[PDB]
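Student: Sequences listed follow chains P and f, in order.
Each residue of the first sequence is one higher than the one before, starting from 1 at the first, in the deposited numbering.
Each residue of the second sequence is one higher than the one before, starting from 2 at the first, in the deposited numbering.
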Amino acid sequence: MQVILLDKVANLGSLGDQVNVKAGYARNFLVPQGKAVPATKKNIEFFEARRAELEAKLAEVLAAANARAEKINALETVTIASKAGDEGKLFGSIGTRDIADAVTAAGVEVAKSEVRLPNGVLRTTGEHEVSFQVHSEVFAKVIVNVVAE
Amino acid sequence: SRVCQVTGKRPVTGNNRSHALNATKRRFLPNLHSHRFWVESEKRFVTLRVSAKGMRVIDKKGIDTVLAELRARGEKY
RNA sequence: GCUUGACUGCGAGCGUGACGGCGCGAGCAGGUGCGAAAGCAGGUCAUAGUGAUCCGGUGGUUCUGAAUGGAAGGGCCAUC
RNA sequence: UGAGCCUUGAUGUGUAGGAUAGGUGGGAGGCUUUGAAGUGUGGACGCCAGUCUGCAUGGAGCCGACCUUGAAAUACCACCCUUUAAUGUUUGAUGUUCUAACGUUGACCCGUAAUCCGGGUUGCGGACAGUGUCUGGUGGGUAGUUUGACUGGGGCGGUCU
RNA sequence: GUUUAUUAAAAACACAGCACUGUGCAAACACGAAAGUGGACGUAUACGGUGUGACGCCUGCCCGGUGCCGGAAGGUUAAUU
RNA sequence: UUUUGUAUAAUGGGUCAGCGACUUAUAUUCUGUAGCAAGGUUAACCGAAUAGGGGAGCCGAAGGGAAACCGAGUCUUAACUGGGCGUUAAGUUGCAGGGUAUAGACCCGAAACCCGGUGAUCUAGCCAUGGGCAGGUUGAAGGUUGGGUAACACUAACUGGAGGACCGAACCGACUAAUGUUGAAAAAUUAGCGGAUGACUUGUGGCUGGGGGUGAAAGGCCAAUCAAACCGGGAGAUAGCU
RNA sequence: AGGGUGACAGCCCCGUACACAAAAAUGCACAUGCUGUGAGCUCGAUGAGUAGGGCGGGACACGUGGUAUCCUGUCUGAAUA
RNA sequence: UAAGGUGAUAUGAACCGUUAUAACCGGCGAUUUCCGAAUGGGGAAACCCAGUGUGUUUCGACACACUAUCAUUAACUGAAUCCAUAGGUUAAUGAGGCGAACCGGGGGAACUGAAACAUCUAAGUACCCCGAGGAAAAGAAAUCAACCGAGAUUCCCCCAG
Ligand SMILES: [Mg+2]
Ligand SMILES: [Mg+2]
Ligand SMILES: [Mg+2]
Ligand SMILES: [Mg+2]
Ligand SMILES: [Mg+2]
Ligand SMILES: [Mg+2]
Ligand SMILES: [Mg+2]
Ligand SMILES: [Mg+2]
Ligand SMILES: [Mg+2]
Ligand SMILES: [Mg+2]
Ligand SMILES: [Mg+2]
Ligand SMILES: [Mg+2]
Ligand SMILES: [Mg+2]
Ligand SMILES: [Mg+2]
Ligand SMILES: [Mg+2]
Ligand SMILES: [Mg+2]
Ligand SMILES: [Mg+2]
Ligand SMILES: [Mg+2]
Ligand SMILES: [Mg+2]
Ligand SMILES: [Mg+2]
Ligand SMILES: [Mg+2]
Ligand SMILES: [Mg+2]
Ligand SMILES: [Mg+2]
Ligand SMILES: [Mg+2]
Ligand SMILES: [Mg+2]
Ligand SMILES: [Mg+2]
Ligand SMILES: [Mg+2]
Ligand SMILES: [Mg+2]
Ligand SMILES: [Mg+2]
Ligand SMILES: [Mg+2]
Ligand SMILES: [Mg+2]
Ligand SMILES: [Mg+2]
Ligand SMILES: [Mg+2]
Ligand SMILES: [Mg+2]
Ligand SMILES: [Mg+2]
Ligand SMILES: [Mg+2]
Ligand SMILES: [Mg+2]
Ligand SMILES: [Mg+2]
Ligand SMILES: [Mg+2]
Ligand SMILES: [Mg+2]
Ligand SMILES: [Mg+2]
Numbered sequence: 001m002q003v004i005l006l007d008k009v010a011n012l013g014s015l016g017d018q019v020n021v022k023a024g025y026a027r028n029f030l031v032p033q034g035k036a037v038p039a040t041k042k043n044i045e046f047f048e049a050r051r052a053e054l055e056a057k058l059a060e061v062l063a064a065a066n067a068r069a070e071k072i073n074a075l076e077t078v079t080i081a082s083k084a085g086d087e088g089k090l091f092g093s094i095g096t097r098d099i100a101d102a103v104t105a106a107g108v109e110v111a112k113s114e115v116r117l118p119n120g121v122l123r124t125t126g127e128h129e130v131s132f133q134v135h136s137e138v139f140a141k142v143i144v145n146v147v148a149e
Numbered sequence: 002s003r004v005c006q007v008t009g010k011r012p013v014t015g016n017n018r019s020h021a022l023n024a025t026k027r028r029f030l031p032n033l034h035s036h037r038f039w040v041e042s043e044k045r046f047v048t049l050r051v052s053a054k055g056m057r058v059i060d061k062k063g064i065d066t067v068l069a070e071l072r073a074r075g076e077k078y
């Protein structure tokens, strides 16, 4: 019997995959528990809907991850107010809302959460690496030149 | 009676033939088994007296489609 | 001594049988052997030594071949 | 504990030889810092010559036209044939364990003021048992039948062409 | 004690007792296509079958044959493949 | 009637009357007869209905050969001097009849086989629920006493009332004999006989069903029927026999 | 036609041919009306534990035979214009 | 429709009626005990015994109606078990049993014949059972045919013993 799986099973497979199982195993165990459901010309699109209602609503978002992260090389020139003293180093700090409200000027959506700031709080008048949390895996880019003030 | 609720396979009659072709009346009985079938559409076990082929027919058509043919035939299950 | 007539196809006519059948048979065609030749040879001096049909088997034979070409099977001939 | 097989790591001693030439093409050097080459040695294989492998530390080097040789280098690439180690992996046997089928003429609950039945919970067994189809054996327990004729009656004997 | 009602009452049947054997319980076994029911609301000091037939002395040799039980390397062997 | 043969003492018939057995249908062949004739004839059906229509078909006019195939010839064989079957003969459709075939097939007649039912008011066994056994005897265990042992062992008397115990009626049965044998009676009567508190007997009701039951076992009994009941059906079984 | 009438009746009788007939209910036909069922076009769609197979049986005139074809108790199992 | 009538054995009695409620004939109606599918429960058929609800009563008791089972649908309800489901009660609709043959289906003999007998035959006959209808079944090619074509099913005659 060919069936797909709704969960991982020890010596068979993982979270959905068509495999060939003896009829008794599927009939007396896998299907009465929620460990499987056959291919019935529907569950190749219906429980394969957690892999097709998925893709019907996961397909078009793979492109959003790019356009949400491309136009940040347009300026590459941002400077933000904060205290700053001698040696080039800072008085205060740099949170995330500092840069979240700073570049609302730049139009397309930017947040304090979907920007990420390093554990250091950029206490320099000097390049200290930052990045954007646009996509969870693909890292987007941040560098602001805090106004030495 | 020895009848399958899925197929309607009942004992059928025939002949035993020997090498001398002596004929004697005999019956062919189905491979009937009472089996509890999981009706996930209803969250309930349903027990059917079924032939091994009806067991194959349930796997193919699904017990949900099958039982709809039974309550469309009387056949209280 | 030499050889394969213990030949093949036929067969006038007889005999003997209720029938099935069995038997005797010159002569003809083809081919052979023996013999110089006439001729003799279709098994053994004769009379016993056998078993119908069916069902099959084997070989031969393009007779038949269920749309058609084939094949299967069947037929026919030889034999089990 | 038996076998096929995507695919790769091992299998290629007429001998010329620097000593272990299936083969055509792709080509002139492949690997070595996700470690070269030198030592002990892991359990294999071996023509008694070494091929490839597990690991230790290791840290800048083994590897061709090479001259020869019917064949030019495992220098890289690639389909591919003798050989032969492994597993995702297919079904074979045995053994063990399991549970979810199946059983339960165990307990308990309800239907239900019911020693039937059913359902439920639980325990016990458990892929056995049991049943179907097929199959071998056994099978006067039961059935259908056969079991000759001649014949100084029949039977015994004898006989049957 | 029983028996051939209607030609046989007996030396026949039965009998207590004896033995052999089966049977661990959903017992064997039997009636039943089955469900079930008997066995038995019993549990091996029980139950079924067989034979013998109170009691007393006893019950001898033989397992080649046929069955029954058991054993199993080999050979032969069905469906299947 | 049956027989080699019957007055035969072989069979059948008391008599009369009445009934009682070679049919019917379809096929087929032969004969007769009629019609048409190298042609004959239609079937179902249509219907102007015993007409007429309908020639679908059947038979015949050609056979030989296993067949292809050939054809008044063909087959056989390589081929026949040949040989076999054939060419040299009118058939066909009715009507009537004689035979054959299939059907019960001239009528009567089995034992029996099978199917489905009916029956345990008889009997066999069991289940439940009720009843019956006059009267007389024997006198087990135990108990008690006396007797006796260190105590148990133990022995007369009384008591006790066991038993598929004894004699014997009802009751249940049936060993003998006679009678009767178209009986009073399809199993009895008479005289005797056995059991008679038991494995007894009996009433009412109930259960078991035919290859089944039940059977203290005789193949006994299962409604005067039993080595497979009765009734109905298959069924006019079949009957080389009378 | 027939049946009766004191024996055999066209003309005695009942009848027969022929001609007629229904208040009421109803049948089969038609017409028509209420209620429900959908044609017509256009393009799609074309019946799976099925066909087929193995095993065992049956049915087809056809007895497994060289045996097609149908049905299927059991085990299997496609293609899908 | 009618001058005659009150069925028969079957007379008699007491009556009806004669110009249209005598009788007779037809249509629609009415009544239609008890048993019997029998249906409120039982039962040895024609009998026994109820329950509920109304309406009556002189307070002795009366009259009528309903009350089977199964299936379907519905409503209400309702467990073990939260949901639910089984289960329960009621309503409404329908069925039940009889009947000759024909029909379709589910099962299925033997005698007999073969001059015995088993394959075969008898025969899918007899018989049992289920179900239906005025007929039933069957039925619009996954059929035949033979390279020409036919055009669902059923019945008849041939094909043909
Ligand atoms: Mg010659
Ligand atoms: Mg001689
Ligand atoms: Mg041949
Ligand atoms: Mg063909
Ligand atoms: Mg052909
Ligand atoms: Mg016998
Ligand atoms: Mg017989
Ligand atoms: Mg004799
Ligand atoms: Mg005695
Ligand atoms: Mg007697
Ligand atoms: Mg006597
Ligand atoms: Mg004895
Ligand atoms: Mg003795
Ligand atoms: Mg043994
Ligand atoms: Mg005589
Ligand atoms: Mg005489
Ligand atoms: Mg005389
Ligand atoms: Mg005299
Ligand atoms: Mg005499
Ligand atoms: Mg006389
Ligand atoms: Mg006489
Ligand atoms: Mg019978
Ligand atoms: Mg019967
Ligand atoms: Mg008695
Ligand atoms: Mg006594
Ligand atoms: Mg006595
Ligand atoms: Mg008396
Ligand atoms: Mg008397
Ligand atoms: Mg007496
Ligand atoms: Mg006495
Ligand atoms: Mg005897
Ligand atoms: Mg009697
Ligand atoms: Mg009858
Ligand atoms: Mg007779
Ligand atoms: Mg008959
Ligand atoms: Mg088959
Ligand atoms: Mg009543
Ligand atoms: Mg009643
Ligand atoms: Mg027979
Ligand atoms: Mg015979
Ligand atoms: Mg037969």
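C-beta: ideal position from N, C-alpha, C; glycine also.
#1: Does the distance from the CB of f:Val7 to the CB of f:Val40 come in under 8 angstroms?
#2: Starting from P:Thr40, find everything on chain f with Cβ-Cβ shorter than 7 angstroms and list it in chain order.
#3: Under DSSP, the alpha helix (DSSP H) around P:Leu54 begins and ends at which residues?
#4: Return no unless some Cβ of chain f is closer than 8 angstroms to the Cβ of P:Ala23.
#5: Could you tell me whether any Cβ in chain f is nearer than 8 angstroms to the Cβ of P:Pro32?
#6: In chain f, what lies closer than 7 angstroms to P:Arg51 by C-beta?
#7: Determine which residues share a DSSP beta bridge with P:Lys141 and list them.
#8: By the three-class DSSP mapping on this structure, what secondary structure does P:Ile4 have?
#9: Ignore the nearest five residues each way along the sequence and tell me which others in P:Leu12's own chain have a CB closer than 8 angstroms to its CB.
#10: Could you tell me which residues DSSP puts in a beta bridge with P:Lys89?
#11: Name the two residues that bound the continuous alpha helix (DSSP H) containing P:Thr77.
#12: Just to check my reading of the structure: P:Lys112 and P:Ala102 have Cβ atoms closer than 8 angstroms, yes? What is that Cβ distance to the nearest angstrom?
#13: If you measure from the beta carbon of P:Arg97 to each beta carbon in chain f, is any gap under 8 angstroms?
#14: So what does DSSP say about f:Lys26, is it helix, strand or coil?
#15: What does the Cβ neighbour count give for P:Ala10, buried or exposed, with the cut at 16 atoms within 10 Å?
#16: With 8 angstroms set as the bound, which would you pick, yes or no: does the beta-carbon of P:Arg27 sit closer than that to a beta-carbon of chain f?
#17: What do you get for P:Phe139, buried or exposed, if any count of 16 or more other CB atoms within 10 angstroms of its CB means buried?
#18: Which same chain residues end up closer than 6 angstroms to P:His128 when comparing Cβ atoms and leaving out the 5 residues on each side of it in sequence?
Tutor: According to the structure shown:
#1: no
#2: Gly63
#3: 53 to 58
#4: yes
#5: yes
#6: Going along chain f, no residue has its Cβ under 7 angstroms from P:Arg51, so there is no contact; the nearest lies around 20 angstroms.
#7: P:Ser131
#8: strand
#9: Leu5, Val19, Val21
#10: P:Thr124
#11: Here P:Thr77 belongs to no alpha helix (DSSP H), and DSSP marks it neither H nor E.
#12: Contact doesn't hold; Cβ gap of about 10 angstroms is too wide.
#13: no
#14: strand
#15: exposed
#16: yes
#17: exposed
#18: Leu122
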